Structures are given as structure tokens and as C-alpha cells.
Protein chains: 2
Amino acid sequence: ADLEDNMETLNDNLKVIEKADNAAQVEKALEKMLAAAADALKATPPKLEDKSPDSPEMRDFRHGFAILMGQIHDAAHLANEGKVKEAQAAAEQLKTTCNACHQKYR
Amino acid sequence: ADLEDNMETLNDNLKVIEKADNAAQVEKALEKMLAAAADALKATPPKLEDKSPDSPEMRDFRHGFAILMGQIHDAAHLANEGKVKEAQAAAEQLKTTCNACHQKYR
Ligand code: HEM
Ligand code: HEM
Ligand SMILES: [Zn+2]
Ligand SMILES: [Zn+2]
Ligand SMILES: [Zn+2]
């Protein structure tokens, strides 16, 4: 998947998490988000097309996913434990990260 | 990249880290390692080449990388602060997460 498709995946699954009945659905949705975030980390977003691979901006971008994958992983543990609404709230607070990178780079 | 190439990148940077001259270099290598761990996440190891991508084995396999990227992440911050030494000792203990996975799965 390219970046836009990976982002849609992060989007489709946050939606699923909000409305899931049970832990297993939340946990799965979260696995799917982890994979997409991971697959997207190597992308070059259109706004940063003209900076070098090793530029502070590109490194910042990559670090944005390291945060995101970190919180996703944590949300995965809560859901894996059976804690549905804590997991759903962990998915909601992830949005800070989505937003802080869209402000800079989308 | 394929899994061999990613593991090569992991091993390689650890040796760049073991003998780095400044914090910048430790940070750069740790970052390269995070990206190679990100990319490897979705590989299927030869040990599980017959297993479904959603088997319990493959799940536990992907967890190993989630854990490893977390620890790389924290090591990256010690590097970034400029605590070169502590970062070098941090990277050395990552080998636990390397061997732990290798022993189950390589
Ligand atoms: C789970 C949290 C996130 C959600 C729900 C999300 C959602 C989205 C959506 C819906 C789009 C529109 C793309 C399309 O039309 O298919 C998009 C674009 C984009 N996102 Fe995210 N995102 C998240 C996290 C992030 C993070 C952490 C970063 C950066 C580190 C990021 C970087 C970008 C960029 C650069 C674009 C523009 C892509 C392009 O035009 O090629 N996103 N995102
Ligand atoms: C910094 C930590 C790690 C280092 C330095 C490392 C290094 C290596 C090396 C040198 C190899 C031999 C393959 C080659 O010749 O390149 C290898 C293979 C392998 N590693 Fe790692 N590894 C690390 C962590 C992990 C983790 C966390 C996992 C799984 C969660 C993993 C899974 C595997 C597998 C499945 C192979 C066999 C692939 C093959 O050679 O066909 N490794 N790794
Ligand atoms: Zn892809
Ligand atoms: Zn960080
Ligand atoms: Zn974990």
C-alpha cells in the first residue's frame, strides 16, 4: 500500500474501534492500524518531496510513526486484556498524534 | 526490503553504535534500525512459512518487533539528549529482544 491507502486504513479502523462491541474486534482493528503505520513510515509525503532522506523534517516524520505505533501497541494490550472502553479511549487519545503530524506535513 | 536485508541493517547499525564517535551517529543508526524493524514487521519468517498470516505464531512474531521498536525508540531519545554512553549500553541490551525472537523463530 502507498501512503494514502495506509492513512485510509488508519482512518477506517479508528471508526471501527469507536463502534466495536467487544475486545477482539478492537484488538484486531488495532493490529491493522499498527501494520499500516509501520508500512507508511518509509513513505515520502508530497510536501517533503524535495528534502533529503536524512533531513530533520523526514526524521521527524519517521518519529511521528514511532510515537503512533507506540500508542497503538499500548492500546493493543488494553484490548488484549479485555478492557474494551479503556482501549476505545486509548484509540481516541491517539488522535493528538494524527493531528500533530497533519498540521506539519499533510 | 526482504527480511534478510532488514536483519542485516539491524546487525550493521548495532556495530556502528558500538563504536560511534558522537550522539548524532548513534541517533542516525538507531533510526535506521527502527525503520528496518518497521519494514520487517510484515515479513513471514522461514520458520512459519506454512502458517497463516493471522496465526497465533505470526501474531507473537509481530509482537517481538513492536517490543523491539519501543526499545529502539527509547534508545534513540537517550542518543538525542546527548547521553551517548547510556544510549550505547541501551543498544547493547536490545540483543535480549534479538535473541529472544531468534530463539523462538530463527
Ligand atoms: C491513526 C491516526 C491517523 C489517521 C486516522 C490519519 C488519517 C489520514 C487521512 C484520512 C488522510 C487522507 C488521505 C486519503 O484521502 O486517503 C491522511 C493524509 C495524510 N497523513 Fe494521516 N492519519 C493518521 C496519522 C498520521 C501520522 C502519524 C502522520 C505523519 C507521521 C500522517 C501523515 C499524513 C500525510 C503526510 C498525509 C497526506 C498524504 C498525501 O497527500 O499523499 N498521518 N491521513
Ligand atoms: C537489534 C536486534 C536484531 C538484530 C541485530 C538481528 C540480527 C539478525 C541477523 C544477523 C540475522 C541473520 C540473517 C542474516 O544473515 O542477515 C537475523 C535473522 C533473523 N531474525 Fe533477527 N535480529 C534482531 C532482532 C530480531 C527480532 C526482534 C526478530 C523477530 C521479532 C527477528 C527475527 C529474525 C528472523 C525470523 C531471522 C531469520 C531470517 C533469515 O535469515 O532467513 N530478529 N537477525
Ligand atoms: Zn505498502
Ligand atoms: Zn519519541
Ligand atoms: Zn507488547
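Each ligand, and each atom within it, is numbered from 1 in the order the structure gives. Note on naming: letters A, B, ... go to the chains in the order of the sequence lines (proteins, then strands), and numbering restarts at 1 for each one.
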Student: Does atom 12 (C) of ligand 2 have a protein non-hydrogen atom under 4.0 Å from it?
Tutor: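 So far as the 4.0 Å threshold goes, atom 12 (C) of ligand 2 is in reach of a protein heavy atom.
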Student: Measure B:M33 to ligand 2 on non-hydrogen atoms and call it side chain, backbone, both or neither using the 4.0 Å cut-off.
Tutor: side chain
Student: Taking the side chain as C-beta and beyond, is there a heavy-atom pair between A:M58 and A:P45 under 4.5 Å?
Tutor: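 Side-chain contact under 4.5 Å: yes.
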Student: Which heavy-atom pair separates A:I72 from A:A37 by the least distance, and what is that distance?
Tutor: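 In this case the closest contact between A:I72 and A:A37 is CD1-CB, 4.3 Å.
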Student: Which atoms of the protein, restricted to N, O or S, are nearer than 2.8 Å to atom 21 (Fe) of ligand 2?
Tutor: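 Less than 2.8 Å away from atom 21 (Fe) of ligand 2 sit B:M7 SD, B:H102 NE2.
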Student: Measure the spacing between CG of A:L34 and CE of B:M69 and express it to the nearest 0.5 Å.
Tutor: 7.5 Å
Student: Counting neighbours of CD on B:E18 that are heavy atoms of other residues, nucleotides or ligands and sit closer than 6.0 Å, is the number greater than 12?
Tutor: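 Atom CD in B:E18 is crowded, with more than 12 foreign heavy atoms closer than 6.0 Å.
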Student: Report the part of B:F65 (side chain from C-beta onward, or backbone N, CA, C, O) that has a heavy atom under 4.0 Å from ligand 2; answer both or neither where that applies.
Tutor: both
Student: Check ring pair (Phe, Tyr, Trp, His ring centres under 6.0 Å) between A:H102 and all other residues, then give those that pass, not counting sequence neighbours.
Tutor: none
Student: Quick check on contacts: which atoms of ligand 2 are under 4.0 angstrom from a heavy atom of B:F61?
Tutor: 29 (C), 30 (C), 35 (C)
Student: Which residue owns the protein heavy atom closest to atom 35 (C) of ligand 2, what's the atom, and how far is it?
Tutor: B:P45 CB, 3.4 Å
Student: Please name the pair of heavy atoms, one in A:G64 and one in A:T97, separated by the smallest distance, quoted to 0.1 Å.
Tutor: O-CG2, 3.8 Å
Student: Is there a side-chain contact between B:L94 and B:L10, using heavy atoms and a 4.5 Å cut-off?
Tutor: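 No. Closest side-chain heavy atoms not under 4.5 Å.
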Student: With heavy atoms under 4.0 Å as the rule, classify the contact between B:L94 and ligand 2 as side chain, backbone, both or neither.
Tutor: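 Near ligand 2, B:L94 shows nothing, with every heavy atom at 4.0 Å or more.
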Student: What residues form a ring pair (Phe, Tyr, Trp, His ring centres under 6.0 Å) with B:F61, not counting sequence neighbours?
Tutor: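 Per chain and number, B:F61 pairs via ring pair (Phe, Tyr, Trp, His ring centres under 6.0 Å) with B:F65, B:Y105.
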Student: As an exercise, identify every atom of ligand 2 less than 4.0 angstrom from a heavy atom of B:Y105.
Tutor: 35 (C)
Student: How about atom 15 (O) of ligand 2: does it have a protein heavy atom within less than 4.0 Å?
Tutor: no
Student: Which atoms form the tightest heavy-atom contact between B:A1 and B:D39, and what is the distance?
Tutor: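 That closest heavy-atom pairing would be N-OD2, 2.5 Å.
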Student: Can you tell whether the side chains of A:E31 and B:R62 come within less than 4.0 Å, N to carboxylate O?
Tutor: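 So A:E31 does not pair with B:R62 through a salt bridge.
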Student: How close do A:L3 and A:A40 get, heavy atom to heavy atom, and via which atoms?
Tutor: CD1-CB, 3.7 Å
Student: Under 6.0 Å from the NZ atom of A:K51, do we count more than 12 heavy atoms belonging to anything else shown?
Tutor: no
Student: Can you tell me which residue and heavy atom of the protein come closest to atom 40 (O) of ligand 2, and the distance to 0.1 Å?
Tutor: B:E4 CG, 4.0 Å
Student: Would you indicate whether the side-chain heavy atoms of B:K32 and A:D54 approach each other to under 4.5 Å?
Tutor: yes
Student: Please write down residue, atom name and distance for the protein heavy atom closest to atom 38 (C) of ligand 2.
Tutor: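 It is B:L3 CD2, 4.0 Å.
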Student: Mind checking the OG1-CD spacing from B:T44 to B:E57? Nearest 0.5 Å is all I need.
Tutor: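 Result: 12.0 Å between the selected atoms.
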Student: Which atoms of ligand 2 are found less than 4.0 Å from any heavy atom of B:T97?
Tutor: 27 (C)
Student: Among all protein non-hydrogen atoms, which one is nearest to atom 41 (O) of ligand 2, and what is the separation to 0.1 Å?
Tutor: B:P46 CG, 3.6 Å
Student: At under 4.0 Å between heavy atoms, which part of B:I67 makes contact with ligand 2: side chain, backbone, both or neither?
Tutor: neither
Student: Are any N, O or S atoms from A:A40 nearer to the Zn ion (ligand 3) than 2.8 Å?
Tutor: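 Looking at A:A40, which is the residue asked about, there is no N, O or S atom under 2.8 Å from the Zn ion (ligand 3).
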Student: With rounding to 10 degrees, what does the angle A:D39:OD1 / the Zn ion (ligand 3) / A:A1:N come to?
Tutor: 150°
Student: May I ask you to test the B:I17-B:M33 pair for a side-chain heavy-atom distance under 4.5 Å?
Tutor: yes
Student: Anything protein N, O or S sitting under 2.8 Å from the Zn ion (ligand 4): count it and give me the total.
Tutor: 3
Student: Rounded to the nearest 0.5 Å, what separates atom CE in A:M7 from atom SG in A:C98?
Tutor: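 A:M7 atom CE to A:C98 atom SG measures 8.0 Å (nearest 0.5 Å).
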Student: To the nearest 0.5 Å, what is the distance between NZ (A:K15) and CG (A:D12)?
Tutor: 10.0 Å
